[PDB]
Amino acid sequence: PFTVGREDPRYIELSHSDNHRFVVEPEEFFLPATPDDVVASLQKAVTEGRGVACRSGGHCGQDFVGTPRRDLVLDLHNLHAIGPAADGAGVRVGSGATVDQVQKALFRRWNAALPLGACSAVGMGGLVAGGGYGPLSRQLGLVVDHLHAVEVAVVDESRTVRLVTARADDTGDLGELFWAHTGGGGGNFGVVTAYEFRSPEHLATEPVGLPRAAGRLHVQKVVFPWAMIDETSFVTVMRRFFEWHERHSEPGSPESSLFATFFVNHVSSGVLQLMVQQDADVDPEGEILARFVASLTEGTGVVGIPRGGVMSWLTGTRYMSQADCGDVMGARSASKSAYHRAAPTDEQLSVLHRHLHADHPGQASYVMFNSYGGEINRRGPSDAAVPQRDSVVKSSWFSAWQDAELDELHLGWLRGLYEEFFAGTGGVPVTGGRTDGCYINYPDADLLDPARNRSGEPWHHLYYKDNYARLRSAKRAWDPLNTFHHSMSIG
């Protein structure tokens, strides 16, 4: 239970989150070991008028943790305990636990799985608060759809800090706090010290009331050389990917056992890469997977080089996942998001193609398209703070790089692509049409700027749609002093 000031040599490491474009430089970091430590620390800070913020996994796409300047940053990585829920079924998970830790614990102790993300180093803190989706989401829904309770340290009008727990079944103000944590996003209401999970009745199994991890996964990665792909066949492949998702994204369908990630890389990478996994319990021969993959490229001259097989759950999952190692470490990055309810037009796809061929250093520049929908779309838009309940594909527009001197170049490329792709609707994926806005866990500060966003739609509507009002009430009720704020925090 210690403190790391500017004078301490651990400070330099602590001053970097995953995205190296932003720096976190408080007077001190505090590393708590228990929720009580969190409470005492916050109390000391707010009484003394010091500004605070917390960090779990450090994966934030923006400067939320370290901007504006903080006096105190709580680093939560020691709060990583996983155990049965005190009361009832379910599992309690510390907010400082990473996806990797959670997956391993759930699987090894209970043969259980939650729809956690594909990146093993992401922290539960931000992931859960923002919604959270993953390769299992078409079967299991969003992470917040399994949320039973939240234990969070909040600050009231009299500057008193309290540890409150808010449950799925609570009403009144507690009910609002709980609901606000099912997609409201981190850094808004207080410091979550733990989450409790309990699945919906139709997904729950024993022993702990979570879903069963599949016995086996069909996993497959297919590399397509850019050299074999012209504009026309590119447009065809993309269109088919999207149309397959248009047809096969109902809750409960057989195809909901399948999840694809399409890395549409800038041409300097030499390849497009398709990753697909399917639950082998549902489909022992992986017929659906084979048909999907084959159908993508049938009519074209495009031939992919496949690799993979059938693997046990933990091994297959790690084979498909991104860990905290190699070239994703220490990098500067920028990302944008879009929810798709239907396929992009062919003209949009042509714009994409063109930008993927521009003269640009894009060995780590790409657009990722993920399968979405399925079980996710079972719920109604108002049931959780996350509003998007009828999209079928989710996209992430991404660029990473090393030197600060190249920031403008890379932002330039990303903006150029995104804004042109969505030029028909003011350069953003407006809600209620072919698209349904953006995902708060891929926050994008450009949405605040009229030069970037000409749609008339404010950031809070793209992220929260009609849930914003309720989030605002919850904010007034639970953080009246605006103790927790950042450049895109609830108003």
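Throughout, we count residues from 1 along the sequence that is shown.
Visitor: Averaged over C-alpha atoms, is the B-factor higher for 435-443 or for 45-53 in this PDB entry?
Guide: Taking the mean C-alpha B-factor of 435-443 and of 45-53, the larger value falls to 45-53.
Visitor: Quick one: say whether 54-62 or 448-456 has the higher mean Cα B-factor in the deposited entry.
Guide: Mean C-alpha B-factor is greater for 448-456.
Visitor: Checking the entry, which one of 361, 387, 186, 309 has the top C-alpha B factor?
Guide: Highest CA B-factor of the listed options: 361.
Visitor: Among the choices 340, 415, 202, 218, identify the one whose CA B-factor in the record is greatest.
Guide: Comparing C-alpha B-factors across 340, 415, 202, 218, the maximum falls on 202.
Visitor: Compare the C-alpha B factor of residue 270 with those of the other modelled residues in its chain, then answer lowest, middle or highest third.
Guide: Middle third of the chain for residue 270's C-alpha B-factor.
Visitor: If you rank every modelled residue in this chain by C-alpha B factor, which third holds residue 479: lowest, middle or highest?
Guide: Highest third, going by the recorded CA B-factors of the chain.
Visitor: By the record's CA B-factor, is residue 115 among the lowest, middle or highest third of residues in the chain?
Guide: Lowest third.
Visitor: Would you mind checking where the Cα B-factor of residue 375 ranks among the modelled residues of its chain, as the lowest, middle or highest third?
Guide: Lowest third, going by the recorded CA B-factors of the chain.
Visitor: What third of its chain, lowest, middle or highest, does the C-alpha temperature factor of residue 134 fall into?
Guide: Bottom third by C-alpha B-factor.
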